[PDB]
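**Q** Have a look at the structure that comes next, please.
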Amino acid sequence: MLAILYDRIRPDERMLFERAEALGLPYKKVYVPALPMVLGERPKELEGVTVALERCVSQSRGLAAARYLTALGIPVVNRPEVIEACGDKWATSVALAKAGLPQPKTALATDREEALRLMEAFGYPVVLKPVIXXXXXXXXXXXXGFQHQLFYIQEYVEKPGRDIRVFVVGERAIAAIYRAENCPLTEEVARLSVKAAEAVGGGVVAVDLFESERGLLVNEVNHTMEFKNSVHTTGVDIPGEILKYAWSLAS
Amino acid sequence: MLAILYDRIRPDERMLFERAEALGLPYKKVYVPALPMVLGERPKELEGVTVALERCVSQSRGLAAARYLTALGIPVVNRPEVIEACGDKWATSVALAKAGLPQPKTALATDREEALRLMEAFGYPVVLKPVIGXXXXXXXXXXXXXXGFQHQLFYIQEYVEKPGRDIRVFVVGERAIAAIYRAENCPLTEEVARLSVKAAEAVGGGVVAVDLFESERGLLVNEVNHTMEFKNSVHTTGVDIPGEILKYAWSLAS
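From first to last, the protein sequence lines are chains B and A.
All letters in the first sequence, in the order written, are residues 1 to 132, 141 to 152, 160 to 194, 209 to 280 by PDB author numbering.
All letters in the second sequence, in the order written, are residues 1 to 133, 141 to 154, 160 to 194, 209 to 280 by PDB author numbering.
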């Protein structure tokens, strides 16, 4: 049966519980904080579990649990690699570059000085985001585990259009929204979103895009997509699609 | 040519520089802290670079740089996956378990309370190590527990009795090239060599130092290091560890 791993129940999780019940999809709720994860011995909580949906609000907890499930041989939706490829901006930007996908000009500095040189080279205004808006050099200076002293820098992008969030399930873009309003999926947006999903390892993710002057650019990819408002907005059963995908990977 | 990526020059790095020079292996030193890493545009510092040896003391810097090199299509010794599979104890223990390799009983808690339950279940004494970079009783446990993807994680291991000394094996590719006791030279045996190479393979392969426990239950893999230190081991083992590392890297050149 399906195991829905969680720590804090949000409306997203409740919708998952309700859809599973309505779909007749055998499942059980697994409270991760109290789950004993001893290598070599499957917990009683996981007895009968053939596939798991990793829904923890905490990234550290979710990734640690996804890693554990792989050690037990239980397929987990959004494998460890996808979760970390997504929750780490440098990792995600690197994955997009290797897949040759469009994104804002991006760079990474490993010390304060190089960060300044890069921002200066990029020309202001520039963007500085945590790996896991600078107006001028003055603002830059003022602002200034494997994440010790890293500075993720991106060019500031002009947006002729609204940002788009695309919900990708497997090889299909199933819904999209503007940033909220429904964004009727087009061939262009759908194909780019699925390729972005593939770039980070595949699975169930929300791809955030920028409709810039240079065209569609991939901004970020989320490994544990939130969709409570999007169901009504898009009219698409996102929770049900997610559950069916996970259930299909069952072993 | 080979690019040796570094931040702080330790004797290990100097030996690498000297062996490369003596071997006639075309290379250049690349100071990572000042390297501009912009995706889509290879830095001038990397002009002509066909393979890189990731030697930064800082793990965060080394992993970020290894990732960058993969984006540039430049092979890097100890790919990002290996560096992170190694610098993260839970990741490394999980990789060892999937490869079916022996190691101390290991567990991970994601909150203070579960950590206590586990330690209690393991029975004291138990070991508590930081996930990245001995509990006597419940009281000690509570005290210790109170004192990015690593927020609130508690790596717990059983306390192991060691009838023998700990062994550090230097693995280069599919070969265990040297080993030391913990320092004295540890003449490599079939058993130790095979386990060490399998442990290296389990985390993704490359150049790593495998630390083993000679316990009552036999050989157990304790940890795997992605940027092995070897300044003292060269003299201790009599093996040219730096040279072996460089030749392995150079062979992956593209």
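Just so it is clear, CB atoms sit at the ideal spot from N, CA and C, and this is done for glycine as well.
Does the separation of the CB atoms of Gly100(A) and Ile83(A) fall below 8 Å?
**A** Against the second sequence, residue 100(A) aligns to sequence position 100. Against the second sequence, residue 83(A) aligns to sequence position 83. No, the pair does not count as a contact, with Cβ atoms beyond the cut-off.
**Q** Among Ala65(B), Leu108(B) and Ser93(B), which residue has its Cα nearest to the Cα of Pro36(A)?
**A** Indexing the second sequence from 1 puts residue 36(A) at position 36. The shortest Cα separation from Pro36(A) among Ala65(B), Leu108(B) and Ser93(B) belongs to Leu108(B).
**Q** Please determine if the region 18-27 of chain A and the region 65-82 of chain A are in contact, where contact requires at least 3 C-beta pairs separated by less than 8 Å.
**A** As far as the Cβ criterion goes, the region 18-27 of chain A does not touch the region 65-82 of chain A, which means the pair count is below three.
**Q** Between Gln103(B) and the rest of its own chain, which residues show a CB-CB distance below 8 Å, the 5 nearest in sequence each way excluded?
**A** If you number the first sequence from 1, residue 103(B) lands on position 103. Counting only Cβ-Cβ distances below 8 Å, and skipping sequence neighbours, we find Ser93, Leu96, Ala97, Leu246, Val247 and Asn248.
**Q** So that I know if they touch, is there some Cβ in chain B lying closer than 8 Å to that of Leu128(A)?
**A** Taking the first residue of the second sequence as 1, we reach residue 128(A) at position 128. It does not; no Cβ of chain B falls within 8 Å.
**Q** In angstroms, rounded to a whole number, what distance separates the CA positions of residue 201(B) and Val184(B)?
**A** Residue numbering in chain B jumps from 194 to 209; residue 201(B), which lies between, is not modelled.
**Q** Per DSSP, what are the beta-bridge partners of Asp237(A) in this structure?
**A** Looking up residue 237(A) in the second sequence gives position 211. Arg180(A) and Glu249(A).
**Q** Taking the Cβ atom as the reference point for each residue, do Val172(A) and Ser241(A) lie within a distance shorter than 8 Å?
**A** To locate residue 172(A), count along the second sequence from 1; it is residue 160. To locate residue 241(A), count along the second sequence from 1; it is residue 215. Cβ atoms of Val172(A) and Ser241(A): closer than 8 Å.
**Q** Looking at the C-beta of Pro125(A), does it have a partner C-beta in chain B at a distance below 8 Å?
**A** Position 125 of the second sequence, counted from the start, is the residue given in the question as residue 125(A). So no, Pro125(A) is outside the interface.
**Q** Assign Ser60(B) to one of two classes, buried (16 or more other C-beta atoms within 10 Å of its C-beta) or exposed (fewer than that).
**A** Indexing the first sequence from 1 puts residue 60(B) at position 60. Burial call: buried.
**Q** Could you give the residue range of the alpha helix (DSSP H) that holds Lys28(A)?
**A** Within the second sequence, residue 28(A) is the residue found at index 28, counting from 1. Premise fails: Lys28(A) lies in the beta strand (DSSP E), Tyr27 to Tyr31, not in any alpha helix (DSSP H).
**Q** What are the complete alpha helix (DSSP H) segments, minimum 4 residues, inside the region 15-73 of chain A?
**A** With a minimum length of 4 residues, the continuous alpha helix (DSSP H) runs that stay inside the region 15-73 of chain A are 59-71.
**Q** When burial is assigned at 16 or more other CB atoms within 10 Å of the CB, is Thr106(A) buried or exposed?
**A** In the second sequence, the residue the question calls residue 106(A) occupies position 106. Answer is buried; the Cβ neighbour count reaches 16.
**Q** What number of angstroms, rounded off, separates the C-alpha of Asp178(B) from the C-alpha of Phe239(B)?
**A** Position 163 of the first sequence, counted from the start, is the residue given in the question as residue 178(B). Position 210 of the first sequence, counted from the start, is the residue given in the question as residue 239(B). Going by the C-alpha atoms only, they are around 5 Å apart.
**Q** Name the residues in the region 233-263 of chain B whose C-beta lies less than 8 Å from a C-beta of chain A; which are they?
**A** Of all residues in the region 233-263 of chain B, none has a Cβ within less than 8 Å of some Cβ in chain A.
**Q** Tell me the rounded alpha-carbon separation between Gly160(B) and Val51(A).
**A** Working through the first sequence from its first residue, we reach residue 160(B) at position 145. Working through the second sequence from its first residue, we reach residue 51(A) at position 51. Going from the Cα of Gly160(B) to the Cα of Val51(A) covers about 26 Å.
**Q** Consult DSSP for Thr262(A) and reduce its assignment to one of helix, strand or coil.
**A** Residue mapping note: residue 262(A) aligns to position 236 of the second sequence, counting from 1. Looking at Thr262(A) - three-state DSSP - the assignment turns out to be helix.
**Q** So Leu5(A) and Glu81(A) are supposed to be a Cβ contact under 8 Å. How far apart are they, rounded?
**A** For the purposes of this step, residue 5(A) is identified with residue 5 of the second sequence, where counting begins at 1. For the purposes of this step, residue 81(A) is identified with residue 81 of the second sequence, where counting begins at 1. Not a contact, Cβ separation roughly 17 Å.
**Q** Once DSSP output is grouped into helix, strand and coil, what is the label at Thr92(A)?
**A** Residue 92(A) sits at position 92 when you count from the first residue of the second sequence. Three-state DSSP puts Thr92(A) in a helix.
**Q** How would you call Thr215(A), buried or exposed, if buried means at least 16 neighbouring beta carbons within 10 angstroms?
**A** Walking along the second sequence from the start, residue 215(A) turns up at place 189. Exposed is the call here.
**Q** Counting only the same chain and skipping the five closest in sequence on each side, list residues whose C-beta sits under 8 Å from that of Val218(B).
**A** Stepping through the first sequence from its first residue, residue 218(B) is reached at position 189. Cβ neighbours of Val218(B) beyond the five flanking positions: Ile179, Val181, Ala188, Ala191, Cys212, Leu238 and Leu245.
**Q** Could you check where the alpha helix (DSSP H) with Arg112(A) kicks off and where it finishes?
**A** On the second sequence, residue 112(A) is found 112 positions in, with the first residue counted as 1. Segment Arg112 to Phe122, the alpha helix (DSSP H) holding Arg112(A).
**Q** Check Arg187(B) in the structure and name its three-state DSSP category.
**A** The sequence position of residue 187(B) within the first sequence is 172, counting from 1. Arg187(B): strand per DSSP, three-state reduction.
**Q** Compare the C-alpha of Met15(B) against each of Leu272(B), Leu278(B), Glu45(B) and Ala279(B) and name the closest.
**A** Your numbering for residue 15(B) matches position 15 in the first sequence. Among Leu272(B), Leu278(B), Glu45(B) and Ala279(B), the Cα nearest to that of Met15(B) belongs to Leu272(B).
**Q** Please name the residue, chosen from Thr110(B), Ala235(B) and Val236(B), that lies closest to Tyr31(A) on a Cα-to-Cα basis.
**A** Locating residue 31(A) in the second sequence gives position 31, where the first residue counts as 1. Among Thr110(B), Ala235(B) and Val236(B), the Cα nearest to that of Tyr31(A) belongs to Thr110(B).
**Q** Along chain A, in chain order, which residues have C-beta atoms closer than 7 Å to that of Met37(B)?
**A** As a first step, residue 37(B) is located in the first sequence; it is residue number 37 there, counting from the start. In chain order: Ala107 and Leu108.
**Q** For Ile267(B), name the three-state secondary structure that DSSP assigns.
**A** In the first sequence, counting from the first residue as 1, residue 267(B) sits at position 238. Reduced to three states, the DSSP call for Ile267(B) is helix.
**Q** Between which two residues does the alpha helix (DSSP H) containing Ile83(A) stretch?
**A** Taking the second sequence and counting its residues from 1, one reaches residue 83(A) at position 83. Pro80 to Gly87 is the extent of the alpha helix (DSSP H) around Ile83(A).
**Q** On the CB-based measure, 16 or more other CB atoms within 10 Å of its CB, does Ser280(A) come out buried or exposed?
**A** For the purposes of this step, residue 280(A) is taken as residue 254 along the second sequence, with counting starting at 1. Exposed, since its Cβ has fewer than 16 Cβ neighbours within 10 Å.
**Q** Got a sec: is the Cβ-Cβ distance from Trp276(B) to anything in chain D below 8 Å?
**A** In summary, chain D is missing from the structure at hand, where the protein chains are B and A.
**Q** Helix or strand or just coil, what does DSSP make of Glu217(A)?
**A** Residue 217(A) sits at position 191 when you count from the first residue of the second sequence. Here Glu217(A) sits in helix by DSSP.
**Q** Does the ligand ATP have a heavy atom nearer than 7 Å to the CB of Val233(A)?
**A** This structure lacks the ligand ATP; in fact it carries no ligand of any kind.
**Q** Look up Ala107(A) in the DSSP assignment and give the residues it is bridged to.
**A** The residue given as residue 107(A) occupies position 107 in the second sequence. In the DSSP output, where bridge partners are listed per residue, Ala107(A) has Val38(B) and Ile168(A).
**Q** Using C-beta distances below 6 Å, list every residue in its chain close to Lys29(B), excluding the 5 sequence neighbours before and after it, in chain order.
**A** Locating residue 29(B) in the first sequence gives position 29, where the first residue counts as 1. For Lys29(B), where only same-chain residues beyond five positions count, the Cβ hits under 6 Å are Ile4.
**Q** Given a threshold of 16 other Cβ atoms within 10 Å of its Cβ, counted over all protein chains shown, does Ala209(B) qualify as buried or as exposed?
**A** Stepping through the first sequence from its first residue, residue 209(B) is reached at position 180. Under this definition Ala209(B) is an exposed residue.
**Q** What's the gap between the Cα of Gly264(A) and the Cα of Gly87(A)?
**A** Within the second sequence, numbered from 1, the residue matching residue 264(A) stands at position 238. Within the second sequence, numbered from 1, the residue matching residue 87(A) stands at position 87. Cα to Cα, the separation comes out at about 28 Å.
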